[PDB]
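Below is one structure; the comments refer to it alone.
Heavy atoms only: backbone and side chains are in, while hydrogens, waters and symmetry mates are out. Per chain, numbering begins at 1; letters A, B, ... match sequence-line order. Atoms within each ligand, like the ligands themselves, are counted from 1 in listed order.
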Amino acid sequence: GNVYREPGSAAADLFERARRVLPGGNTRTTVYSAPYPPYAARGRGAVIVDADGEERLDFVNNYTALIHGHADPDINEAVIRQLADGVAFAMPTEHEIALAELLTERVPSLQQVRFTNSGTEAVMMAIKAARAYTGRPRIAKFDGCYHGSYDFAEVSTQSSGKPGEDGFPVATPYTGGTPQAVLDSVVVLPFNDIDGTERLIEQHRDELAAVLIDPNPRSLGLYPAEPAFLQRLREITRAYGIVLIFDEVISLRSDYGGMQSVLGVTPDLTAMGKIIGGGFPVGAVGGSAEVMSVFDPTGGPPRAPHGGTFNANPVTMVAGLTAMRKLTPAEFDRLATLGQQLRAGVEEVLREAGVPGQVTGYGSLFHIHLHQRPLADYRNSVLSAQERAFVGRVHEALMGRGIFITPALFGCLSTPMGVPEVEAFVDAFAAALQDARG
Amino acid sequence: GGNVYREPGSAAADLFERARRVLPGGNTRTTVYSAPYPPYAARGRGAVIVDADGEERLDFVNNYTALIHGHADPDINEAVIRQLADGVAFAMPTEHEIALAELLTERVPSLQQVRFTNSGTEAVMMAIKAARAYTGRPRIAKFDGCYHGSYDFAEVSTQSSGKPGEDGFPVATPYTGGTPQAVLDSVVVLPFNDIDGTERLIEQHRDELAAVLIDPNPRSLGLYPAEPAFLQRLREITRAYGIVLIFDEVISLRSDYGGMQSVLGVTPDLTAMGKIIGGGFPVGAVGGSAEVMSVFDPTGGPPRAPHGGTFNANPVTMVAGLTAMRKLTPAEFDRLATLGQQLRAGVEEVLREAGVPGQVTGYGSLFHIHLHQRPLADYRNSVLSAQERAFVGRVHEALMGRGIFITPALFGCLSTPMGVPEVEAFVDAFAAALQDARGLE
Ligand SMILES: Cc1ncc(COP(=O)(O)O)c(C)c1O
Ligand SMILES: Cc1ncc(COP(=O)(O)O)c(C)c1O
C-alpha cells in the first residue's frame, strides 16, 4: 500500500540524501513525484522492486525503452561478452555496422543511419541534417508534442490553451529564458487538422527546413495521425522541398517496420531511441541516402559534422542488436494480441462500472482516458483540474495495488508479460477505479 | 606490423565496404573517420587496442580521454556485471545516482549539486539552458576555435574563420551547414587568453549575456591552459554583470582530484562534465552552485528549466562511473602526473636531439606534441600551415605503424594501466617516427 510514502521509509531517507547533492533531489524531471518519488532497487522480468521492498508490475519500462523488461538474460549475456573486449573505442567497430544493417533492413525509409547517445540527440541531429540539406533555418512541429530537451524541438511542448489571433497554435516556451529568436524560428502546427497544417506550411514554405512529427504522440492521448492527414502532409512537404522527420523514438515499437510502416507513409528522416539500445543509452537518426549525405565525410569535410564520444559504443550496439533480434514478427504479434486483450479488458471495466472513458493504443502501447471526448481534435486531450485529480486518484490506487504506470495512465507491455499479467492489470484497474470514486 | 589495415582485402576494407551501404560514408562519428577508410577496433586490454586486422597498438587516445583506466578494466566490469543482475534502467530514481553525485560534489569545490545527462554535448546544452533560465538572458559567449559538442549554440566558431572582423574581434562562423543567422547572432565569440578583447566584448554585451562558456585547457587550441590573470579577471567581470560562468571540463576534469578549476584556482558557477565520469559508458553531468542549479528543482512547483532524459542516471553508467572515480585516488593522480611529465620531457629531448623545432604542452595525464615553436598563448598560433599538417600527418602515420595509436593532432592521454615501459615505448616510437617523417635512417 505505497509504503514508501510512510515517514522514515527507505525512499524518504534516500530523498533526504539526494536533495543535498541533486536539485530538489532530482536528475530526471519525468520521474519526480511529490513530495518524493519511490526509489527502484531492482527488477526482474515484468516486476519492479522499490527500495522499501514493494513489488509492482512494471507498465512503464523506462518510458517504453525496456521492451524486454528487467534484466533480460539474452541482453545480459551479450553485454557480458562485450565487456571482456572493451566498452568504447576511438575507432569504429563491426557492431555499429550490424545494428545499422538490422535497422535499414527493417524500416523502409532507412537507407542509412547514424547513432547518437539519446533520442534528444537524434531529434537534434535530424533537425540539423534538414537545415544542412535544405539551407533553410526554420522548423515546424505540432502543438503539445514532446521531442526531448533540444531548444527548437521543445517549443510548445505544453500547448497554450488558446490560439492566437490567426486562429493557429501559439509558440510557447517550455524552458525559462527561451530566446525570442528560438520561439520565432518554430512554426507550430495543429495535429490531425490538415487544413490549418497546410495553410501554415504554405505560409512558411520557403523558410522551413523540416516538419517534425510524432506519428502517435503520447502527450496528445496516444491517438495516431490519421491517414488522410499524414498522406497530405507527405505530399506537401515533398512539394516544397521540406524534410519530413518522423519522431519514432517511442512509436518505432509499434511494428516490425515501425509506425511509418503501419501508416504507409515514408518520411525523409526518422529519429529513434529507447528500445533500439537494449536498455543502454542510445539514439539514431536515419533516412534516405540523399538527405543523410550531409553527414558523409568521404568527399571532404561533411556538410554537417556529427561527433560524439559514445556514439555507437559496442555495449549499446550489442544490447540493441540483441533486443531487436528478439523482436521477431511473431513476437510483435504476441505483443499486439496481449495489448488488445488489455485495452478491451479496461474498456469492459469502464463499461461495467458507471464511468465514461476510452482506451487508445496500438500494439503494446495503451492510454486510458476517463472521458469520451474525440481525441481526433487534439485540444480535447487537455484535462481539467477535476479530471487530473480523478486520474491521480486512480494512479495512486494502482501504485498501491501492485501496478506501476505513468501518472497519465499511459503504459506499455513488456515481452515477459502474458495473459496473467494482463489480467492482473485489468483487475487492479477495476479495484483502483472503485477506490478513486469512493 | 606497419598499418596492414590499409592493404586491399584487409578486414578494415571489408568492414568499410559493408559500412558504407548502411552508414553515410560508413561513418557514425566524424572524429574517427580517416581516409580512405579508418581501421576498425576489435578489442582492447589494459593499455593495448587491437584492430580487426590483428595489429596491436598502445592506446594513447582512450576514446578521446574517456577511458582513463584503459580497456576492459576488471573492477569496472565486475561492478557492471553485479548491476546487470538488478536491471540497467528504471523509471524511478536509484541510490546509484546519489552515490555518484556524493562523490563528485565531495571532490570538486564548486559542485554543490549535479544532474546527469547522456553526453557531454547534453551537459553543455543543459548548462546553457540553466543559465538562460537563471538569468533570463538569451545570448551566450564562447571562445573562438573551441569545441564543446554538437549543440547549435555551443558549436559556433568551433573552427575559427582565421581572421578577425573589421572591429578586430573574432567572427561568429558556422560549424554546420545551414546554420540560421539567428543562431550565429546569438553567440558572442571571445578571444581565448586575450583578456582585453574578452573584457571589451563582455562589457559591450553585458545586458544580453546569460553565460560565458570556457574550456580551461582546450585541446583545439593546443592544450595550453587559460592563464591565471585572464581567468581571474573573467571571473570578476562575469560576477559583476550577473553572467553565469560555465567551465567545460568534459575533458579537463581529469587534470586533478578537484578538476582543472581547482588547479587554476577559479570557481565557476556551473561545470559541464562527461567522459571519465561514466567508466566508459555514455554520460554527462552539469553541476554547480545550488543557487543556479535551482532552476532544475521540481519541488515547490514546476521547474524553471525542465530536464528529462530516458537514460539520465541509469544505474549502469552510475555504477561504472562510481567505480572509475573511486579508483582515481590522489596517489593515482600523482602517478599519472609523474608519468606525463616523463613522457613530455622525453619527447622534448627527442626533438632537441633530432634538431626538429617543437614543444610539448600538457598537464597531469594529458599532453600535446607540437612541431613548431610558436607561443600558443596567442591562440591563432595553434593553426597549422599546410607544411605542418603534412609533416604531423607523416609522424602520426609512422606512429600508427609503430604500435602507437594517438590522435592526428598528436594530442594524447595516459591510462592507469600504463607505467614507465609504456612511456618509454612511446618516446622511442616517436623518435623513430620523426626519422621516418624526415626520410632519415
Ligand atoms: C517522442 C520522443 N522523442 C524524443 C524523446 C527523447 O529521448 P531521450 O529521453 O532518450 O532523450 C522521447 C523520450 C520521446 O518519447
Ligand atoms: C571539451 C569538450 N566538451 C564537450 C564534449 C562533448 O562530449 P560528448 O562527446 O560526450 O558529447 C567533448 C568531447 C569535449 O572534449
Task: Interatomic distance, B:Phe311 atom CZ to B:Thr317 atom OG1 [nearest 0.5 angstrom] - done: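 Taking CZ in B:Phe311 and OG1 in B:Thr317, the distance rounds to 9.5 Å.
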TODO: Please state whether the rings of B:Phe367 and B:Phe60 are parallel, tilted or perpendicular, taking 30° and 60° as the class boundaries.
DONE: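 If you compare the ring of B:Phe367 with that of B:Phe60, the planes turn out perpendicular.
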Task: Set of residues that line ligand 1, where lining means a heavy atom lies under 4.0 Å from it - done: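 The answer is A:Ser118, A:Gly119, A:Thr120, A:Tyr146, A:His147, A:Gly148, A:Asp214, A:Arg218, A:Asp247, A:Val249, A:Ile250, A:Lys274, B:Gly309, B:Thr310, counting any residue whose heavy atom sits under 4.0 Å from ligand 1.
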Open item on the list: Just by distance, no angles: are the side chains of A:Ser251 and A:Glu248 close enough, under 3.5 Å, to form a donor-acceptor pair?
Closed with: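 Per modelled atom types, A:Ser251 and A:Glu248 side chains form a pair under 3.5 Å.
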Task: With B:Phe296 via ring pair (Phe, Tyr, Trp, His ring centres under 6.0 Å) - residues at least two apart - done: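 For B:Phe296, the residues satisfying ring pair (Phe, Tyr, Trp, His ring centres under 6.0 Å) (neighbours in sequence not counted) are B:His307.
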- [ ] Decide yes or no on side-chain hydrogen bond (donor to acceptor under 3.5 Å, both in side chains) for B:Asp152 and A:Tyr150, but give the supporting numbers first.
- [x] CA-CA 9 Å; B:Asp152 296 52; A:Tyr150 178 51; 2.6 Å; yes
Open item on the list: Quick check against the 3.5 Å criterion: does A:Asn117 have a side-chain atom that pairs as donor or acceptor with the backbone of B:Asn118?
Closed with: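 Checking the backbone N and O of B:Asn118 against the side chain of A:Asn117, no donor-acceptor pair under 3.5 Å is found.
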